[PDB]
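Residue numbers (PDB author numbering), protein chains in the order written: chain g, 25 to 122; chain h, 18 to 80; chain L, 552 to 606; chain N, 1 to 347; chain O, 1 to 320; chain M, 1 to 459; chain D, 2 to 39.
Cβ coordinates follow ideal geometry from the N, Cα and C atoms, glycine included.
Heads up: the structure comes next, in structure tokens.
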Ligand SMILES: CCCCCCCCCCCCCCCCCC(=O)OC[C@H](COP(=O)([O-])OCC(O)COP(=O)([O-])OC[C@@H](COC(=O)CCCCCCCCCCCCCCCCC)OC(=O)CCCCCCCCCCCCCCCCC)OC(=O)CCCCCCCCCCCCCCCCC
Ligand SMILES: CCCCCCCCCCCCO[C@@H]1O[C@H](CO)[C@@H](O[C@H]2O[C@H](CO)[C@@H](O)[C@H](O)[C@H]2O)[C@H](O)[C@H]1O
Ligand SMILES: CCCCCCCCCCCCO[C@@H]1O[C@H](CO)[C@@H](O[C@H]2O[C@H](CO)[C@@H](O)[C@H](O)[C@H]2O)[C@H](O)[C@H]1O
Ligand SMILES: CCCCCCCCCCCCO[C@@H]1O[C@H](CO)[C@@H](O[C@H]2O[C@H](CO)[C@@H](O)[C@H](O)[C@H]2O)[C@H](O)[C@H]1O
Ligand SMILES: CCCCCCCCCCCCO[C@@H]1O[C@H](CO)[C@@H](O[C@H]2O[C@H](CO)[C@@H](O)[C@H](O)[C@H]2O)[C@H](O)[C@H]1O
Ligand SMILES: CCCCCCCCCCCCO[C@@H]1O[C@H](CO)[C@@H](O[C@H]2O[C@H](CO)[C@@H](O)[C@H](O)[C@H]2O)[C@H](O)[C@H]1O
Ligand SMILES: CCCCCCCCCCCCO[C@@H]1O[C@H](CO)[C@@H](O[C@H]2O[C@H](CO)[C@@H](O)[C@H](O)[C@H]2O)[C@H](O)[C@H]1O
Ligand SMILES: Nc1nc2c(ncn2[C@@H]2O[C@H](COP(=O)(O)OP(=O)(O)OP(=O)(O)O)[C@@H](O)[C@H]2O)c(=O)[nH]1
Ligand SMILES: N=C(N)NC(=N)NCCc1ccc(I)c(Cl)c1
Ligand SMILES: [Mg+2]
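What follows is the structure, encoded as structure tokens:
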């Protein structure tokens, strides 16, 4: 019960711009919006970002740890030591209670 | 649908081809580093601990 | 039974009913000077006789 | 009212409060309250309608009763200490009377009934003074006598005010009643922390005054006193609806707005004293306040209510009300949280 | 300075500029009663400021560049459509009447502000005191609902109480048969659709309610269509008035300062004309009101406060 | 972190000072640039985290959450500019400002070193999110969705504030690096039980935990598309991120305090997966699917094992891209038929072939087809919960079955069968929509090539 | 298009109180300008 505007008609972007990319009603703006999304989205972030990720300098020392484990295994076996000991910390530096 | 896939293909290749060529040329003419013992009284820069030239450049430039 | 009913009922629905009822109790007043000051007398008496705020 | 008389009466309202804040003698504190009450009545009566007369009468009876109890406490204190110095009281009965008297003046529950009624019955500009400036004098006395206050009494008053203020506001459509119940709830926070850290009482008082002055000024700008009158603001001054929204969210205590600062600091001080149940209960109960603040934002800023045809005429004229200090107040009301460590200037 | 408490303190008091020619005069009467012609003659002869009757576009004439605005910014109220279809489902009849009372209220505030600021008197054609005669006529003819009348009386109750009545009320009495004859000669096709029952209702309300009420607090001069032709006798009649009634005798500089603060701020004047009483005739939906408000701000020199519109030639904005 | 905070802030003046027709072009272009620079956070070391200053730090948990956060903003802008085309300019700019401020609060939330700073930004996200839902939602029920969303959160978050302040008084600091070295065990007592609940309940509501989830289907059905994307992709992960950090200082009490919440999650995942089989609203189906997926994350965080913590991180990232993509897929239909009823428009594969392919890939990730990171994260949690108790494999396995059933029910119902005869406004898919779908799935599937960067600090 | 409050929705907030009860049944909104007739 009032003075209210009727619901507008639903607009189809293709009727006036058959080449519409769905970004904007203005064809010139519509094309520029398409280009920035595609250039920065795909050419830059996805392509260079994937390249950047692929060549990260030893992410989280995983390769260094393998090279270090090889060195330790070689050393410990050449001297008859065990590959690994059950104790992480030298017991002579631990004072048990009681 | 056809137009979108062509646009998607073009913009991935717009940089994907130059990168693929750049990687190949870096691999062939620069090559990877050779592992060596740290010479006595030498302090390598933090990016000399990595092998691939692109990894070394990333570490030296941004990290 | 569980998601549109009992989980709704055992918390958000019942809580809001509690507050709405308490609000009517607090605000359904008569605006009479006589009654408000009479409640002051009860408050002062309780504070001393029941809670010993004077000590 | 003649403009010069209005200024002289306002200066006397201020002088009465100042006398209380600078007095070292209980007699002069009492005089400060009497002078302040003398000058406030005309600004409540200035519109000469039966609602204003009822509000002034209800106000006069409450404050006159409270000042008589205060004098009684002062005289009992003289009997048991033989001195008038404004400080801790030397008799527990005097302390109860003084604390009760100041609770009546502050409108804290269960002495709260007058605040919504008096606020509703007086103009918005008069209500702004009643709910802000008038709190200064009673608070400054509580600031000085708190070492002798009964902990159970003051915390009981704080808890009741937080509950009564929260529940009372849920049922209100009048903006002056909403602000009145919001004031009672906030007074509860101020006095809950007084036993532990008085500085946090001052911080909550200052921030409360700034936010309340911002709300009242914004209501005066458009001459709105009801929820539905305020729902037309979007069709006249859209900017105001955004300022109202931000200020209300701050008053609700939401981070990262300024109004979160006092609740945050008050919770901290109480926890340092191993008071955990009480701050938790207070914080949850304050959600009642947030509810009817958010209701106002819904009908003001976050939706567009129906308008009237005659609103189109208002489009053609500018806002000619003064809105003194409003741009400064709204910024302080909302954007101060990053400056929280500045509270030490109140130490 | 802009008028205010400071200007009042610094000597600007109403009674200093007012004289015995500082009068507010309103000419009333039925349609085509020659009231507009007589209103101009009283004004020019007495040296007062004449206000043409407030119409749909009066508010436009006082703001912006003074030219009328597109009808959508007056709500599409139409006097022509009122004559064609007084019982239109759109609610045009009351929407027009509510709009016209607001326009008169604004005009009355303008006239009072002119009188208090300069002391010069003013002549009005009808006012907020006689606006109800049209509302009464519309109701009696079934053009508006009883709910509409209740809204009108609500708005009038909280608006009219603020102001002072005219010093002099002048009524030109023209019988309905002659009004119906003069309407034909004036020959407006839409106005020709008026019936005598409508005109008789306007006549009844004027004589049955307006003039009896105005006499108790103002000076009422009643003239016939013949007697109103001799304006000099009318102007002679006005000058020999005693002015021994009405609130104007009880005014002082203090009360008049309060009155001037109200009438100078138009938004404060129009505050209650948009009370949130949801009547279908005057209620506007959010979507429509938002769309129209957006168009208003786009009109020339309407986006910003007056003086801050570069698009109409305002300058020095960065120092204002 | 200033190299991300400041450019994010600069997006606001860029939007407001843009030409009228360039607000979407400009904000999208520069928010994509910011997203690009966020890859520099991937300088993570094997032992130490990346500690910038006394305020902000980044480790292998916050880094993927930051990159997902900054990636979503340009996607949200693309997803929102069509239904906002009739809005007036100032309100469009205000809508974008809310999205920018959300990103500002989110990147600060994920890198805050101090837990009380985390709390304030964790609560600051409520305001812009609530405004987006209630102001730019479409239906009357958005006002109630805003209240349920607001008060559910605050109901748990206010106790967290008390617990955090209490912890700082007792321990002396809330700096997360300090808490790693000064943490003390929590001994059984009623006080510590409620400290545990205060520390965790706020995050449980955000996940949301089954039983506290009823706000989520409300919020989604009423929110605009960008509101749903950030809610599903990122805001739910605040709860998981907070739990992954706060659990540090709750041992060993979490050993038995976890049980009631594991039972709710383990049984809840089955209940909410089965509910999805009968949902009539497409947005409500996807919202219920998130509750089922986050039930896994809660269990993984609570059982506290290296494999479970890696599975939780992968699941949080994988679910963000997948769930956001599903909302964007459902929204593209909604912009044509203007309904959310799943049965209304059927057989759409016959009319929108390429869009039907996006629906297939989104469904396949949702049911965790190997080797998608959806499967990697889900598999890791299943591996860890089996060691917790072998019987859990029955619930985990059953949920896998029901998940495939409702994922493909959604696909078969809308894409297959016969198209609805009377619906004749299914216009061909726009470049904007196709690009929007591909910017979800392509990064999701690429991450399969290098999963380690989304497996978290336990990797 | 987006739903916005209508008259029926608005009338919820125009009464004397938000929550009607038997006790407040006779309460009425106060005068628009605060002035009660004499
Ligand atoms: C560039 C250099 C610099 C780097 C920068 C890089 C930046 C990123 C860019 C790279 C991405 C570019 C993509 C866009 C290019 C343009 C595309 C185009 O123009 O054509 C459009 C294309 C076809 O054109 P169209 O037919 O005209 O379109 C109309 C219809 O819509 C068409 O609809 P449809 O129904 O006919 O088909 C849809 C779908 C329907 O089919 C299905 O979805 C069924 C799914 C079956 C599941 C199979 C299980 C998974 C098996 C693989 C798992 C990997 C491990 C296996 C063991 C070891 C493998 C070595 O079919 C598919 O998606 C094909 C499935 C391919 C995967 C299956 C396995 C392939 C063989 C094994 C691969 C071996 C590795 C390569 C060799 C190694 C040496 C290099 O349609 C699309 O739009 C699809 C686009 C999405 C492509 C997804 C690619 C994701 C990236 C791969 C990640 C792999 C991780 C593992 C995930 C496993 C999947 C679950
Ligand atoms: C796919 C596109 C990716 C674009 C981003 C990458 C662009 C740059 C790629 C490679 C840049 C050159 O990479 C760089 O090469 C030289 C070797 O010649 C190395 O430099 C090292 O070897 C040279 C010898 O040449 C010596 O001076 C010295 O021992 C040391 O400086 C660097 O450690 C490496 O980082
Ligand atoms: C974990 C603890 C968290 C504590 C948080 C506390 C927040 C409480 C906010 C105040 C709630 C009051 O909110 C109020 O509740 C009642 C009952 O639901 C609602 O009442 C509504 O539903 C009931 C039942 O249909 C009707 O009787 C009533 O006519 C109708 O308005 C009000 O519409 C709502 O305004
Ligand atoms: C004393 C310290 C004060 C520091 C102030 C520093 C900034 C001062 C800026 C003054 C100039 C602002 O310029 C004013 O704003 C906008 C933004 O450019 C201009 O016009 C704008 O229109 C639209 C949007 O508004 C866009 O096309 C674009 O943003 C711009 O062209 C106005 O036409 C101009 O009047
Ligand atoms: C996923 C791709 C991310 C794209 C990011 C886009 C933003 C790019 C920001 C460029 C930052 C360059 O920053 C600048 O580079 C020079 C090298 O040229 C570096 O200068 C110095 O830094 C390192 C250590 O930091 C030194 O050991 C070294 O001697 C030198 O390289 C610095 O890091 C900085 O001064
Ligand atoms: C478990 C921890 C978190 C718990 C938080 C629970 C506190 C309440 C949160 C929601 C508050 C919403 O506030 C109010 O709630 C009630 C129901 O709850 C809603 O009430 C809704 O359902 C009732 C009946 O069920 C209807 O009569 C009413 O028309 C409808 O609005 C109100 O519309 C809403 O205004
Ligand atoms: C979704 C909701 C989830 C709710 C989960 C509820 C968890 C319930 C945990 C029960 C254990 C509580 O914590 C337990 O409390 C008892 C007291 O009753 C404490 O008991 C302590 O004080 C009592 C006093 O009688 C001593 O006798 C006892 O020697 C001492 O240990 C224990 O120190 C503690 O182990
Ligand atoms: N419905 C309505 N019509 C009005 C009102 N005031 C004027 N009108 C109409 O405006 C038209 C002209 O009004 P009048 O001033 O009385 O007639 P006139 O042409 O100016 O001739 P004069 O009386 O001599 O001045 C008439 O058709 C009136 O019906 C009003 O308050 N309500
Ligand atoms: N009275 C209280 N309960 N607290 C309190 N003020 N304690 C005194 C401690 C303190 C704190 C900050 C500063 I700066 C200074 Cl100088 C002193
Ligand atoms: Mg005329």
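Any heavy atom of ligand 8 closer than 6 Å to the CB of residue i?
i: residue 31 of chain O; result: yes
i: residue 173 of chain O; result: no
i: residue 191 of chain O; result: yes
Measuring from the CB of residue i, is there a heavy atom of ligand 10 at a distance below 6 Å?
i: residue 36 of chain O; result: yes
Taking 6 Å as the cut-off, is the beta-carbon of residue i closer than that to any non-hydrogen atom of ligand 6?
i: residue 152 of chain M; result: yes
i: residue 6 of chain D; result: no
Return the chain-ordered list of same chain residues with a C-beta closer than 7 Å to the C-beta of residue i, the five sequence neighbours on each side being excluded.
i: residue 264 of chain M; result: 209, 210, 211
i: residue 136 of chain M; result: 95, 224
Would you say the beta carbon of residue i is closer than 6 Å to some non-hydrogen atom of ligand 9?
i: residue 169 of chain M; result: no
i: residue 199 of chain N; result: yes
Would you say the beta carbon of residue i comes nearer than 6 Å to a heavy atom of ligand 2?
i: residue 345 of chain N; result: no
i: residue 45 of chain h; result: no
To which residues of the same chain is residue i closer than 8 Å at the C-beta, ignoring the five residues directly before and after it?
i: residue 32 of chain M; result: 74
Looking only at its own chain, which residues have a Cβ that is under 6 Å from the Cβ of residue i, when we skip the five neighbours before and after it?
i: residue 287 of chain M; result: 216, 217, 220
i: residue 16 of chain M; result: 93
Are there any heavy atoms of ligand 1 lying less than 6 Å away from the beta-carbon of residue i, as far as the coordinates show?
i: residue 26 of chain h; result: yes
i: residue 369 of chain M; result: yes
Does ligand 7 have even one heavy atom less than 6 Å from the beta-carbon of residue i?
i: residue 196 of chain M; result: no
Give me every residue whose Cβ sits closer than 7 Å to any heavy atom of ligand 5, in chain order.
g:72, g:73, g:76, h:62, h:63, h:77, h:78, h:79, M:36, M:37, M:39, M:40
Check your understanding: Would you call the region 86-95 of chain O and the region 1-8 of chain O touching, i.e. three or more CB-CB distances under 8 Å?
Key -> no
If we count Cβ pairs, one from each stretch, closer than 8 Å, do we get three or more for the region 418-428 of chain M versus the region 291-306 of chain M?
no
- request: Mind the definition here: the region 17-36 of chain O touches the region 106-126 of chain O only if three or more C-beta pairs lie below 8 Å; say whether that holds.
  value: yes
Under a criterion of Cβ closer than 6 Å to any non-hydrogen atom of ligand 3, which residues qualify, in chain order?
L:566, L:567, L:568, L:570, L:571, N:170, N:284, N:287, N:288, N:291, M:151, M:155
* **Exercise answer, beta-carbon shell around ligand 4 heavy atoms below 5 Å** => M:17, M:19
Closer than 8 Å is the cut-off here; do at least three beta carbon pairs connect the region 378-389 of chain M with the region 422-440 of chain M? no
Whole alpha helix (DSSP H) elements within the region 19-105 of chain O, 4-residue minimum: 35-46, 58-61, 79-84
Requested in this report: Mind listing, in chain order, the continuous beta strand (DSSP E) runs of no fewer than 3 residues lying wholly within the region 114-184 of chain O?
Outcome: 122-125, 168-173
Handout entry: Minimum length 4: unbroken alpha helix (DSSP H) runs contained in the region 233-289 of chain M
Key = 236-246, 254-257, 259-276
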